[PDB]
Amino acid sequence: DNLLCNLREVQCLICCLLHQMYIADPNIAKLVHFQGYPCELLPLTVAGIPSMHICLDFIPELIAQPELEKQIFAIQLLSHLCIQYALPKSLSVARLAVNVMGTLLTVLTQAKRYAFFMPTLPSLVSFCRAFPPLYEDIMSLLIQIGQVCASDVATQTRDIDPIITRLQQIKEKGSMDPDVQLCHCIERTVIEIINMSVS
Amino acid sequence: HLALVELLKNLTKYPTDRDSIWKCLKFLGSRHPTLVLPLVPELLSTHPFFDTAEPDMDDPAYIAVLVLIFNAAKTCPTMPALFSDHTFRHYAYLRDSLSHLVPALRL
Amino acid sequence: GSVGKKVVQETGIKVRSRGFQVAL
């Protein structure tokens, strides 16, 4: 069910308490999000805790951190917040996030590129859903990432070689290469962006 | 649109005219639903991709814009669609508080 | 007096538009 169970009630109670604690001290919310938590709880916390609109204040600071995991968490948190609170400040922070993604696309190595872009690419669907003005920047960034990853695929011999496929239909759903996996992830997030904007 | 502009000018200019201008717009929308339908997002300030701020529920000009848009909505299925969330909330209130100006709708 | 290298390296990643920087 995922909605009609004791787990949902417990999540609501915990969200109420966390709402109270964040109201009492927003610095606790900032510290918790700098620590991070599993991203499976992100829609839960964003929907169930009204205090999270303050998270847009320290997301630009969290993005600036040198840890890759903190930046990944900032991107995912911003995506969920943008889904919840579609505001001009949210749009500005989303623009900053896309700019940061484009910037460190040319800073991260191949392993770092895989590690950063596998969790944060589905978040780009949320920015497109919330902000149609980001269509140009997000599609341009996706084209850049796809071209970089296609180059990386061409660098070495591959078990799949997605370069020569080139014409696949919607391949709806293993221990594969990171580069072909990232290529497939780019294709899938582009498909999700298109389907949302056409259905 | 020009009538709305002049009526809101005469709303901010003459408070004692509020009653007759509310009633006026109640009758104006009931007659012209088709002409109000393009002007509905022109007046509600519904941004396409942003949740807009909730307008002051005590502002007489705004309350008269809702009266007009709700009397027009009575004849126009397509008007309930373009309502924002706060528009539905505000509707539920002025139907109870001002049932003689606001008509029952089919939301 | 300048040989001590009493300065801090520019620990930043100048973020391109298409000011703000990512610390190191």
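Residues numbered from 1 in each chain as written, not as in the entry; some residues may be left out. Chains lettered and ligands numbered in written order. Part of a larger assembly, values for the part shown. Heavy atoms only, no water. Residues with missing side-chain atoms left out of burial classes, pairs and counts.

- Looking at the method and resolution fields of the entry, one finds cryo-EM and 3.1 Å.

- For chain B, the name recorded in the PDB entry is Integrator complex subunit 4, with Homo sapiens as its organism.
- What the PDB record gives as the title of this entry is "Structure of Integrator-PP2A complex".

- Chain A is annotated in the PDB entry as Integrator complex subunit 2 of Homo sapiens.

1. Examining the pattern of salt bridges
As a working rule, side chains carrying opposite charge can pair if their charged atoms are close by.
Residue and element names in this part refer to chain A.
Here's step 1: Applying the stated criterion across every chain, the model contains eight salt bridges over all chains.
Here's step 2: A salt bridge links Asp 152 to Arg 158, with the shortest nitrogen-to-oxygen separation between them at 4.0 Å. The burial state of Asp 152 is the same as that of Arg 158; both residues are buried.
Here's step 3: One network of salt bridges, with partners in common, ties together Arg 113, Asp 152, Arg 158, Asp 177 and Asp 179. (Salt bridge = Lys/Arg side-chain N within 4 Å of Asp/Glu carboxyl O. Buried < 20%, exposed > 50% of the residue type's maximum accessible area, 1.4 Å probe, protein only.)

2. Focus on the nonpolar core
Here's step 1: Membership of the largest hydrophobic core comes to 63 residues, with the highest contact counts inside it found for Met 52 and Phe 127 of chain A.
Here's step 2: Considering every element that reaches this core, the biggest residue donor is helix α6 (residues 88-105) of chain A, with 10 residues.
Here's step 3: Counting residues in hydrophobic clusters, the runner-up holds 30 residues, among them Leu 68, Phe 70, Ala 73 and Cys 76 of chain B. (Core = buried A, V, L, I, M, F, W, Y, C linked by side-chain atoms within 4.5 Å. Helix = DSSP H or I, 4+ residues; strand = E, 2+ residues; numbered from the N terminus.)

3. Comments concerning the interface of chain A and chain C
Often, the extent of an interface is quoted as the loss of accessible area upon association of its parts.
Here's step 1: Taken together, the contact pairs 13 residues of chain A with 10 residues of chain C.
Here's step 2: Mapped by element, the contributors of at least two residues to the side of chain A that touches chain C are α4 (55-63) and α6 of chain A.
Here's step 3: Residue contributions to the side of chain A that touches chain C peak at five residues, all from α6 of chain A.
Here's step 4: Of the residues assigned to the side of chain A that touches chain C, the class counts are seven nonpolar, six polar and no charged. (Contact = heavy atoms within 4.5 Å. Nonpolar A, V, L, I, M, F, W, Y, C, P; charged D, E, K, R; others polar.)

4. Overview of the state of the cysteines
Residues and elements named next belong to chain A.
Here's step 1: This structure, assessed with the given rule, holds zero disulfides over all chains.
Here's step 2: Of all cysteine sulfurs, the one in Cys 12 lies closest to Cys 15, which takes part in no disulfide; the gap is 6.4 Å.
Here's step 3: Among the residues examined, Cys 15 registers a relative accessible area of 5% and is labelled buried. (Disulfide = S-S within 2.5 Å.)

5. Section: the packing of aromatic side chains
Residue and element names in this part refer to chain A.
Here's step 1: Here the structure, examined in full by the defined rule, presents eight aromatic pairs over all chains.
Here's step 2: Look at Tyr 37 and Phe 73: their rings are 4.9 Å apart centre to centre, the planes differ by 75 degrees, and that puts the pair in the edge-to-face class. Of this pair, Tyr 37 sits in the loop between α2 (26-35) and α3 (42-48) while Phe 73 sits in helix α5 (residues 68-84), and the two are 36 residues apart along the sequence. Of the two residues examined, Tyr 37 and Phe 73, each falls in the buried class. (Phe/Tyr/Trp six-rings, centres within 6.5 Å; stacked < 30°, edge-to-face > 60°.)

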